[PDB]
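One chain is shown next in structure tokens, namely the form deposited in one PDB entry.
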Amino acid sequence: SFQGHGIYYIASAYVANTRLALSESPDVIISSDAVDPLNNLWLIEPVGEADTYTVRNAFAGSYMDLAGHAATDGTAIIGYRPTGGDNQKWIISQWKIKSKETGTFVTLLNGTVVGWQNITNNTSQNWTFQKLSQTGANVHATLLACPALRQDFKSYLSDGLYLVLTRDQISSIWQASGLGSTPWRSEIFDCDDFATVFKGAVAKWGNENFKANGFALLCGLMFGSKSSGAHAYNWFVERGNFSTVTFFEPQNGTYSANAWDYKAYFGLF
């Protein structure tokens, strides 16, 4: 559901398996949900006015814009440089997406994405929003409710809004990192290094792939311990259940639900 400030898929309610992306001025286009190209991610940021936001392509950096400010039925919805204009402010209410400037609506036509006056005989102006982000407070609270913490656990965070990546994305970053073909070596490249390097790899991949600012990629680092010893590893929350912390071994790219029995004493994200 739409919940204000966040990163979302914007899906048509009118036809199945259809969501918004930006062409490669670029048009806002329909996109199949069988694929997950990064230009389907929309960073929705409040502007102060009730239920009013900018809607920004995270990948391309462009802003959803009603072309030429035109109120005319069938005016293109495009991606544009930021202008401060009212044709880049969108009233999202319950869901429809209404231009502040014209009062025309983002509409799926025929298909193409356009501005149109209110339509009441079909659902072509109705949209569903799947939240893909967590605030820093969201993740902090999840982290603290995690059952795999040592009693002295302390955590620190760096950013106020996070994209939650898919496993496909995390694993692609990990494959590209070269860590899986890096031999473990005592001190010089041991668990702390794998976990630190991998967190950095995720950050670099974000920088390479997203032209928008105002959000970070969630990639947690933990130090933890158990009776046999102590270990460094990574962690995440997942899209299907944001309240669950999942663990990741940067030496071999595997996930664990219970952190290999380690109880974290330090968390960074």
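Just count from 1 along the sequence shown to find any residue number. For the two forms, the rigid core is made up of the largest set of C-alpha atoms that agree within 1.5 Å on superposition.
Unshown form deposited in another entry; subsequent notes refer to it.
*Asks:* Shifts of 2 Å or more at the CA atom, core superposed, between this form and the one not shown: which of the listed residues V164, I78, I170, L149 is the one?
*Replies:* The displaced C-alpha is that of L149.
*Asks:* Since the Cα separation of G160 and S155 moves by 3 Å or more in that other deposited form, tell me which way: closer or farther than here.
*Replies:* It is closer: the C-alpha separation of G160 and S155 falls by at least 3 Å in that other deposited form.
*Asks:* Might you say whether the CA atoms of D159 and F194 end up closer or farther apart in that other deposited form than in this form? Their distance differs by 3 Å or more.
*Replies:* They are farther apart; the C-alpha distance rises by 3 Å or more in that other deposited form.
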